[PDB]
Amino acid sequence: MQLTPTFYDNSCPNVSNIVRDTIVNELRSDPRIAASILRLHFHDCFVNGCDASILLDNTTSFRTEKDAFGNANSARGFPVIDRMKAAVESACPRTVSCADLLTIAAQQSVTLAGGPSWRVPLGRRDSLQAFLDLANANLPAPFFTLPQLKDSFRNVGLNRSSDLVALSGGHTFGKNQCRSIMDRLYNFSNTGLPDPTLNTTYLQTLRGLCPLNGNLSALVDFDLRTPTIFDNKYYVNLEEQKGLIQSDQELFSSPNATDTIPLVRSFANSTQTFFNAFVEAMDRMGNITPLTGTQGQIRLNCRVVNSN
């Protein structure tokens, strides 16, 4: 079955508003929640598709994806997802799946942060288990080279350069722990020297935030220009060699970035072009091997599989 943005227009027409209201309230006490939610949707879709598998807690039959490299002590916002789920269940019992909920929450988070607004395709169902081993293999790491980043995306069906460059735009907001960039700051590739593709001035600022013997869990903004606003500034930073993590800067400085540089330049100079590309990329990502029809189920509690 094909996903459609009208899936709940009759069954739960106010699901979108319930989701938006929840995020709006949470934003007041946690301005980072929007970025965190978008990231959860990304990490869900890359592992066995957007089936809300990442929301499942540990059981005796399978381990949670929350312990995967990249998620452990990193992913967050789970309690917030429970809140909107409870609210939706009251309005429309056993109707909206966790997979779709997280998808709508991701779109609303982008829009609320100043990004584009659009209706996401819906109709996905929830998985019966979590896939830890798959998550540990499917999630791209910050130390991947451009080719490896392209393989990682192609691995799940996103085989277009625009997919990689556009979706990476998600780093236009949110935070990153010092641990992921320590090598770029003090000893890149066992050379004992910092990453040459990192702006020397910015290098000093980052070294202040991430001391050689400091707290590896300290947080740094992904976008030094507009840390909490979803815009195209992320691409501007790349042109000045101010991409925070290795995977960011490679989109512009890698010797294999022949096909990505043009997209970076384009996105950096046109918000409309980037927003349109981001929306198309997002819908493509949200269409990765979904469960529809009778497959999977409509979870009542995103943390656990239905008992029946």
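We number the residues from 1 along the sequence you see.
Inset, instruction - Between 43-51 and 29-37, name whichever shows the higher mean Cα B factor according to the PDB entry. - result: Of 29-37 and 43-51, the stretch with the higher C-alpha B-factor average is 29-37.
Inset, instruction - Return whichever of 109-117 and 183-191 has the greater mean Cα B factor according to the PDB record. - result: It is 183-191 that shows the higher mean C-alpha B-factor.
Legend entry - Per the PDB entry, maximal CA B factor within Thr260, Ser247, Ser253, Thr60: When the deposited C-alpha B-factors of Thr260, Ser247, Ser253, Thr60 are compared, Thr60 is largest.
Legend entry - Where the record places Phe131 (Cα B-factor, split into thirds across the chain): It falls in the middle third of the chain.
Inset, instruction - Sort the modelled residues of this chain by their C-alpha B factor and say whether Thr205 lands in the lowest, middle or highest third. - result: Its C-alpha B-factor, which the entry lists for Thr205, ranks in the highest third among residues of this chain.
Inset, instruction - Could you tell me which third, lowest, middle or highest, the C-alpha B-factor of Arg94 occupies within its chain? - result: Tercile = highest for this residue's CA B-factor.
Inset, instruction - Comparing against every modelled residue in the chain, figure out the third that the C-alpha B-factor of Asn287 lands in (lowest, middle or highest). - result: Within its chain, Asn287 is a middle-third residue by C-alpha B-factor, going by the deposited values.
Legend entry - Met84, C-alpha B-factor rank within chain (lowest, middle or highest third): CA B-factor rank for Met84: middle third.
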